[PDB]
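Quick notes on the structure that follows.
Numbering of ligands and ligand atoms starts at 1, following listing order. Counting begins at 1 with the first residue of the sequence.
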Amino acid sequence: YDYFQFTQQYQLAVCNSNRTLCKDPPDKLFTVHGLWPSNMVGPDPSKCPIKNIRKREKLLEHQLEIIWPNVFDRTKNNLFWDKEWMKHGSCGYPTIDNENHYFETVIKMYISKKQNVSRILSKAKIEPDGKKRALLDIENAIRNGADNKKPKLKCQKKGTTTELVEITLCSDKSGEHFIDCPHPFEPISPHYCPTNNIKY
Ligand SMILES: *[C@@H]1O[C@H](CO)[C@@H](O[C@@H]2O[C@H](CO)[C@@H](O[C@@H]3O[C@H](CO)[C@@H](O)[C@H](O[C@H]4O[C@H](CO)[C@@H](O)[C@H](O)[C@@H]4O)[C@@H]3O[C@@H]3OC[C@@H](O)[C@H](O)[C@H]3O)[C@H](O)[C@H]2NC(C)=O)[C@H](O)[C@H]1NC(C)=O
């Protein structure tokens, strides 16, 4: 892999995204959607051969229930985390050593390193108040909490309302320094965030 994408999702909007109902009530919070070893050119790696097989402890799972829930059905959390490890975590060796280290690394980014996107936005005076916002104000807020580096944003359109859904912070191969995210969505895409009137 070349770099990492750490993607967080705003639960309220995810649960308004498609024909799959969230059986559990969402919070107005950004929690983790993925940590993806990624490639600068072409497709990202997927399902890389593993180097070890490990069991998760309850305490790790309890933190992931809070920081990385399956927002559609929390009863499917274990199989959901197993797939994130198998599809993505497995491709980050040796920076990511094993399954437990993969999830501990995500918790370290979100909590210790203050990468909780709800917190970064709140520090810039942007709360989940359901207001229409300019794209640059959301981008400026994230860059101010991420070493000036440009995030990748995902939005969705619902009727006449476009809402913010995901924010990705990208980092270098070691995951120790942020980098600008390559590959932003093109304007024709229904995942593209327009310059104005984004609801959050
Ligand atoms: C990801 O980041 C988000 C955004 O920062 C975290 O969510 C935010 O979490 C804080 C708590 O840490 C929460 O604030 C509390 O909200 C409740 C309900 O409205 C209040 O009752 C709380 O006030 C009481 O407690 C504080 C002590 O923390 C005390 O100072 C108050 O007087 C009172 O006893 C508290 O409100 C905060 O009070 C302090 C003030 O400085 C803050 O401005 C005010 O918010 C936020 O509501 C919550 N924000 C959101 C958008 O939900 C989230 O926890 C974090 N995720 C993880 C896993 O860490």
- prompt: Given a cutoff of under 4.5 Å between side-chain heavy atoms of I, L, V, M, F, W and Y, with clusters grown through shared members, what are the other residues clustered with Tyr192?
  reply: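 Taking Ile, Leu, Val, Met, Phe, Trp and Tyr as members, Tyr192 shares its hydrophobic cluster with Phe185.
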field: side-chain hydrogen bond (donor to acceptor under 3.5 Å, both in side chains) partner of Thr75, the single match among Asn77, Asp73, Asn78
entry: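 For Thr75, the side-chain hydrogen bond (donor to acceptor under 3.5 Å, both in side chains) check succeeds only for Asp73.
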What does the N/O contact table under 3.5 Å look like for ligand 1?
from: ligand 1; atom 1: 2 (O); to: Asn116; atom 2: OD1; distance (Å): 3.3
from: ligand 1; atom 1: 2 (O); to: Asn116; atom 2: ND2; distance (Å): 2.3
from: ligand 1; atom 1: 56 (N); to: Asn116; atom 2: ND2; distance (Å): 2.9

query: Under 3.5 Å, is there a donor-acceptor pair between the side chain of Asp147 and the main chain of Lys149?
result: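 Flag not set: sc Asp147 to bb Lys149 has no pair under 3.5 Å.
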Give every donor-acceptor pair under 3.5 Å between a side-chain atom in residues 161-170 and any protein atom, sequence neighbours left out.
from: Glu163; atom 1: OE2; to: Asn16; atom 2: ND2; distance (Å): 3.0
from: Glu163; atom 1: OE2; to: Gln156; atom 2: NE2; distance (Å): 2.8
from: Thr168; atom 1: OG1; to: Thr7; atom 2: OG1; distance (Å): 2.8

- prompt: When rounded to the nearest 0.5 angstrom, what is the spacing between CH2 in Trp81 and CG in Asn70?
  reply: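 Rounded to the nearest 0.5 Å, the CH2-CG separation comes out at 8.5 Å.
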- prompt: How would you list all residue pairs meeting ring pair (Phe, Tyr, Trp, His ring centres under 6.0 Å) that involve residues 5-27, not counting sequence neighbours?
  reply: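 Residue pairs passing ring pair (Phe, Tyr, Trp, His ring centres under 6.0 Å), neighbours aside: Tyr10-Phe30, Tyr10-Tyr200.
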